[PDB]
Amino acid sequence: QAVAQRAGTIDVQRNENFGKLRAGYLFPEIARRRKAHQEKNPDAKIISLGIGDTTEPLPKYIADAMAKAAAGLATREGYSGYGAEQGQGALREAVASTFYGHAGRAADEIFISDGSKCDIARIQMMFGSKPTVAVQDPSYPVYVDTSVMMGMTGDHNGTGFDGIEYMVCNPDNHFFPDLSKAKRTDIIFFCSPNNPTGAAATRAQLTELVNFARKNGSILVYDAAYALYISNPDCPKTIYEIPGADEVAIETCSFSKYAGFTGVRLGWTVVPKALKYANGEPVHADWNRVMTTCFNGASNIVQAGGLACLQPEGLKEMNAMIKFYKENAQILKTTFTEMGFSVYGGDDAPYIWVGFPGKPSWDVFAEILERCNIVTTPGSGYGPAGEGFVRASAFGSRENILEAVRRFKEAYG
């Protein structure tokens, strides 16, 4: 019949929350802008210091663990077990003892997933639309964008979204917000080291943050994805090194490509049993319900790679890879500082954060791409307080980092 030759029919309205979003997500838009630039300039040899997708080859001890788990699928049955789609016990024990020995977290509070971004979306589903949110500003834009999608916010106001408390971190406050003036919210999202500024909060700063959350009765979602890169002994690698954090904080961590590991999609969350909603219900029970209902369990291939990373040879190879990326960050930082720019980060994180005052950061991004054929990311893509800066990733080969430096000195030196 004619019906099948015709459009249309559908009476469901678009979710109002998606209409609030202003632009597509930052990293896909940067990849699209890079592709458009290569279409305009087919001969350009583009170096990406943008999204961070050009991670170096994975440590062989980890790759080999994953390969052997994959090949082993041909000679075993499917696994069966109550303990658990929460993640293999051996991996959750290795994560608990490697990262949370001093910090007191148990294996049964660790939940292994396929990535931190996926877990942030699932946390937001767990919170639902009612809670109010505060976000460190600038920050990786998953926190704001998932808050908007879940309906936790008002409309965009031309600078940020109404209803989000942006906790501004900048050079003048040493990248830590003024909590004596910060508004109370239900949820606080905080990252250390922060992406994009590279700032790793000090022990005294995190003690302030935990005491702020506790006084306000807020849940703190703490992103420690880049904590492997912290060098300063005064900057904790987990929020659980702070007394009282177990009653307010959920931590998210990543061993994925985002954190520097080629080919990996793996993270975890920590939800302490001590963390309880206002009427006493444990957050851990609801998180477990989300993880068993909305998720299918991280693959046993990737969990084999995570467990290998935590064995002696895996830690040795991982540490060498972290040291290589940090040396790339220092090469980029020194290049910019010798040219007279103000540069932040690169000491505790594998990227740097460069001031370009007086021009919108999206225009700077376009100018660097035009003049140097280098992709960076614009600071305004990380929220209102990101305007005036650009981030450059250290995830790349040493030859590409060195060619980028040559190109930057030629254009800007």
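Numbers follow the displayed sequence, beginning with 1.
As listed in the deposited structure, the average C-alpha B-factor of 63 to 71 and of 41 to 49 is greater for 41 to 49. Per the PDB record, of the two stretches 212 to 220 and 251 to 259, 212 to 220 carries the greater mean B-factor over its C-alpha atoms. Within the group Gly244, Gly115, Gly314, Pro141, the record's highest C-alpha temperature factor is found at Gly244. When the Cα B-factors of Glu327, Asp119, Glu85, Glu77 are read from the PDB record, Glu85 comes out highest. Among the modelled residues of its chain, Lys333 has a C-alpha B-factor that falls in the middle third according to the deposited record. Sorting the modelled residues of the chain by their CA temperature factor places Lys237 in the middle third.
For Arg406, the recorded CA temperature factor ranks within the lowest third of the chain's modelled residues. Per-chain ranking of the deposited C-alpha B factor places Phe295 in the middle third. Among all modelled residues in its chain, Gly267 ranks in the lowest third by Cα B-factor.
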